[PDB]
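These notes are about the structure you will find just below.
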Amino acid sequence: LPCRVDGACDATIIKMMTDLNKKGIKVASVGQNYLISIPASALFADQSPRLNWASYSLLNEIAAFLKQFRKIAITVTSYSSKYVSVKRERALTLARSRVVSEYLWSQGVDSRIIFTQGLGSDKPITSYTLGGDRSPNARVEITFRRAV
Amino acid sequence: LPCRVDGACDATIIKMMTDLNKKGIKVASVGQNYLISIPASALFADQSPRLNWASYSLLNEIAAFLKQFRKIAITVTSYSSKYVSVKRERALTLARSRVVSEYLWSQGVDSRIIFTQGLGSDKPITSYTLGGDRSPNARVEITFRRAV
Amino acid sequence: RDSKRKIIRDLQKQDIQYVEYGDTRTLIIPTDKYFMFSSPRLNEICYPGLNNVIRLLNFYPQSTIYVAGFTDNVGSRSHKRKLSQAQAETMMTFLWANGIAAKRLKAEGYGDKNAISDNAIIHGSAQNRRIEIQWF
Amino acid sequence: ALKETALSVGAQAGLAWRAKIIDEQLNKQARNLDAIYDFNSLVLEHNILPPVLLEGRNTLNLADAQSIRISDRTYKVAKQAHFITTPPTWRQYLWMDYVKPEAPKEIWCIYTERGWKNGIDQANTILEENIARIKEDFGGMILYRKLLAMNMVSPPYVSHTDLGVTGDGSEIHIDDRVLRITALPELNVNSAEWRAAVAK
Amino acid sequence: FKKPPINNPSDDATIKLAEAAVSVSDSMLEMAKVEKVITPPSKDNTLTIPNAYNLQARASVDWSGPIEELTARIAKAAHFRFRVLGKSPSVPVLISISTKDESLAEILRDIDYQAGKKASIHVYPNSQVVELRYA
Amino acid sequence: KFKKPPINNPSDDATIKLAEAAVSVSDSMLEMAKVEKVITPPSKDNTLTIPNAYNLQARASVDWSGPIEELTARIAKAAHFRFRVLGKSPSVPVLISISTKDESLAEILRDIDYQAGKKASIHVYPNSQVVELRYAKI
Amino acid sequence: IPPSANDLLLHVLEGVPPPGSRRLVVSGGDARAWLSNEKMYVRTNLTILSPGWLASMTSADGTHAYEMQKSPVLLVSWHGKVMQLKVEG
Amino acid sequence: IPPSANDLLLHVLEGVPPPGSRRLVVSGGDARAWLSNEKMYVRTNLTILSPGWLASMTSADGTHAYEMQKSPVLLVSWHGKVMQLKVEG
């Protein structure tokens, strides 16, 4: 028999958003498009496109949530507080984006397309600029639209 | 009914390698090719291509193991620590090789081909050169690849 | 309890094929599960063995080291060459990063021109994709 | 008897059991399947599916004790080039059919596992044959592009003749192209005009 | 702490198929490379955008048929005079075009494109004209 | 206690016989590729027709099997390029299947153009924001 | 001289079935199929992949009609993803 | 004038059976055999020894097809070793 649920439950979904916004990693769930903004400080180290260890539980349960919808394209961008040179914050964000993108593409992706980039906080969402890599403008963001 | 085992058991095989490496005669079991290196001191006498008596229990249980695989070609080479003249260590090894090769060819060989030679430790595996025929460069070595 | 025999014991528990012979000890590496697939990128999940690799390797801290990358029978020769050199370079840079003197190191990635097993059978090809580590 | 029906109870059982199995591993490597078998890469300009060509070496038929006949080398054009609409897949060739029957003493149990094994491996052979079929296809159109590259076969020579607005006061068609494939691909016989590529 | 990849070739055939796949993909890539004849952008012969501000309007046309009437009305829409040079053939060249929001120059561009070599579009924005040239 | 190193998961005969299918057809492809690439010298690239540009160096990782135009709209909208198309689509769709991971878009266009060999073409005007798809004209 | 297409394609271009048709029970997708005379005519907007029509057809808006040989099992590509589709009757 | 070979050799050169064939159950080896019409056609790469074909055939890669009279029992040489092989049917 064909599917009621596509192997997912909305209760599990809401269990996620509750707990990960208890954990503060911010889920936007807006119109039909769904977004997660993340401080990059919890993931990359200081100016590094280099992830750490215990992060990956969180990263993979992101991908676990990403399985919860039929979807087409996933865009990831990252932003970093301006550090040295516009080339390298482009680069640092771009690498940061591409490495977590590589990881989750390797992981469960149900997208057909993943677009990836990042900019050196060229569009800071705060101008409270408390420093470098403890700023929320150091961040990484993932958008998709839940397909149908 | 056709064969599960081709008259052999892998338990017997591993009983061999355990005990003969307890006895130190070295079995390499590498990729698919299998090798035994032997100190020539236990077999030939000093600079002799001449075997002794109680060796032949060991030599024949080698051939007993050689029966354990379907195989095609067996190469034996021997090496000897450099003693007098490059001609004769070639000769001594060559004779040493050919006499144990003759013996096991007479014995159970399941090879189609036996290639045989030996060199006067022209490729010593140690350069610790403690003497003549107590060196491990005095040695004899047998390679094959277990056919399928 | 953590000696040479111990670390080779649980080395082969982590089945990285250890050769003690002569002086030239040789390590044989299943490239596949010590990589991400078809990639120069090291399977970093397989860390504790690699830690113990360097742990045992320091017990011969002067010997210079052949290492060798290996493929199987597939694709272009130029390909097999190239990918094997990628794999070679990443493990040797892994070593030079482990803190081993870069002039003790020498590498070559042979695109299957050696083949300790066959390639025409599958388990054999699995044995074929490997890395050699000779050192004296 | 009771015997043979215990066998045949097993026979279809293992057969269809196997069929369901092979169908899921088909599905999981479906990407890999066409990732191999990109047909459109092989199709032609006017989506002409190219013909399948067949290799031959040392075709020695002895006729008899008195006379033999050998080619060194031989080519068989099969399934000549044609207009295709939708290019082939593999699932056309490899998706094994699955149906489920459960429709019905120690001989019962053991001959049911007998036939269980039996249906399994006859399905495996079936599978094998399916694979071979898709081989000989794919290699065949490869060889078409080969001898076309070798000047050893001819192209599909076509004529597209076009028509403008066609039709009446109740029906029109603003542009009617009709395309006939005039001359099919075929092995040329004057080998002097061939193309023999050395490689480096 | 992380997890392994999910669709990994962790099986000794599955590896082998996977590099078989990558092998065929590259070889077909070079298949395509050696087969792919293209044109230089310096010698691509198509109509440029003639940058007149009368031509700088966005439009919408869904229509198929013979070109010269439609483009006369284009010139009329874009305040250009329209001269046609050459003879229109017995079979007219027929342009299907179905579009919703786009510039008059892009109209001229793709109808010159679908004119191909049977006809051509020349625009002189100094004297504010489109001219249809036949073969 | 002895053991060979590579201890994988159990395979099955199915994917086994698939694999030796695959390798045989693959190497026929390999020699095919050689023989065509020597019978025909490749004269020029497509990077002149597709040169790179900033914000075209964003990256993407894609699987696809469908038609071409939906896919090329998706890339042009991510690249903020206006996408236009010249010539009319044939009734049969130019179907392509790009399956790759993590390269720049310009190369993604390049292999798209190659995969739609002589049925479609990509021209890029990045002085403007133009991605244009030119159809074949038969 | 070949025929142009079906004009029943012009009917099933929109949602009318052809005269004398059987509604093929389409399960799993939005395409609707009629058995006319061994020949399903299927309307969709999706991209038909496996079986191949005798006549293909699209609307002004990309609505396809395919005068299609009989399949139990239909293939379209949806979004570069590919869908199997079952029919009944 | 003799015939060239079978063109069914060109079919069984690869792994297709001929049209209308019976899969001869090959036990003990990798060669596959079909009963076409009293005539087994056997594909192998191994070297046929005892019975002798009416037509022999090899591929580009040394794959033989042998249009072979009916044996229950087949002989090849494997590696200078020689193998008997049983068939069924």
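For the structure tokens, the naming scheme is as follows: chains receive sequential letters (A, B, ...) according to their order of presentation, residues are indexed from 1 within each chain, and ligands are indexed from 1 in presentation order.
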Next item on the list: Using DSSP on the backbone, list every residue of chain H that comes out as strand (DSSP E or B), and give them as number ranges by chain.
Entry: H: 22-27, 32-35, 40-44, 47-48, 53-58, 64-68, 73-77, 82-88
Next item on the list: Pick out the chain A residues within 7 Å of chain E. Count only C-alpha atoms. Give them as an MDAnalysis selection string.
Entry: chainID A and resid 53:57 106:108
Selected residues written out, N, CA and C atoms, as a CSV table (one decimal), in the first residue's frame:
```csv
chain,number,residue,atom,x,y,z
A,53,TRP,N,34.8,18.2,17.0
A,53,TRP,CA,34.4,16.8,17.2
A,53,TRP,C,32.9,16.6,17.6
A,54,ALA,N,32.6,17.1,18.8
A,54,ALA,CA,31.2,16.9,19.3
A,54,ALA,C,30.2,17.6,18.6
A,55,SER,N,30.5,18.5,17.7
A,55,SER,CA,29.7,19.2,16.8
A,55,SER,C,28.9,18.2,15.9
A,56,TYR,N,29.5,17.1,15.6
A,56,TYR,CA,29.0,16.2,14.5
A,56,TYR,C,27.7,15.5,14.9
A,57,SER,N,27.5,15.3,16.2
A,57,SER,CA,26.2,14.8,16.7
A,57,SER,C,25.1,15.8,16.2
A,106,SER,N,27.6,14.2,1.6
A,106,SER,CA,28.0,12.9,1.9
A,106,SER,C,27.0,12.2,2.8
A,107,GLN,N,26.4,13.0,3.7
A,107,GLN,CA,25.4,12.4,4.6
A,107,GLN,C,24.1,12.3,3.8
A,108,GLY,N,23.0,12.2,4.6
A,108,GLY,CA,21.8,12.1,3.9
A,108,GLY,C,21.4,13.4,3.3
```
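Here the question is which of G:72, G:15, G:52, G:29 gets nearest to chain A using only C-alpha atoms, and that residue is G:29.
Shortest atom-to-atom contact with chain A among F:98, F:62, F:130, F:23: F:62, counting only C-alpha atoms.
The shortest atom-to-atom distance to residue C:33, with only C-alpha atoms taken into account, belongs to F:7 out of F:7, F:40, F:2, F:99.
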Can you check which parts of chain E lie within 8 Å of chain C? Per residue, the shortest pair of atoms and distance in Å to one decimal, counting only C-alpha atoms, sorted by chain and number, as JSON lines.
```
{"residue": "E:2", "atom": "CA", "partner": "C:45", "partner_atom": "CA", "distance": 7.8}
{"residue": "E:4", "atom": "CA", "partner": "C:45", "partner_atom": "CA", "distance": 7.6}
{"residue": "E:8", "atom": "CA", "partner": "C:37", "partner_atom": "CA", "distance": 7.7}
{"residue": "E:9", "atom": "CA", "partner": "C:37", "partner_atom": "CA", "distance": 7.3}
{"residue": "E:10", "atom": "CA", "partner": "C:33", "partner_atom": "CA", "distance": 7.9}
{"residue": "E:12", "atom": "CA", "partner": "C:126", "partner_atom": "CA", "distance": 6.0}
{"residue": "E:13", "atom": "CA", "partner": "C:122", "partner_atom": "CA", "distance": 6.4}
{"residue": "E:15", "atom": "CA", "partner": "C:37", "partner_atom": "CA", "distance": 7.9}
{"residue": "E:19", "atom": "CA", "partner": "C:38", "partner_atom": "CA", "distance": 7.4}
{"residue": "E:20", "atom": "CA", "partner": "C:74", "partner_atom": "CA", "distance": 7.1}
{"residue": "E:23", "atom": "CA", "partner": "C:75", "partner_atom": "CA", "distance": 5.4}
```
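From atom CA of residue A:3 back to atom CA of residue A:16, the distance works out to 22.6 Å.
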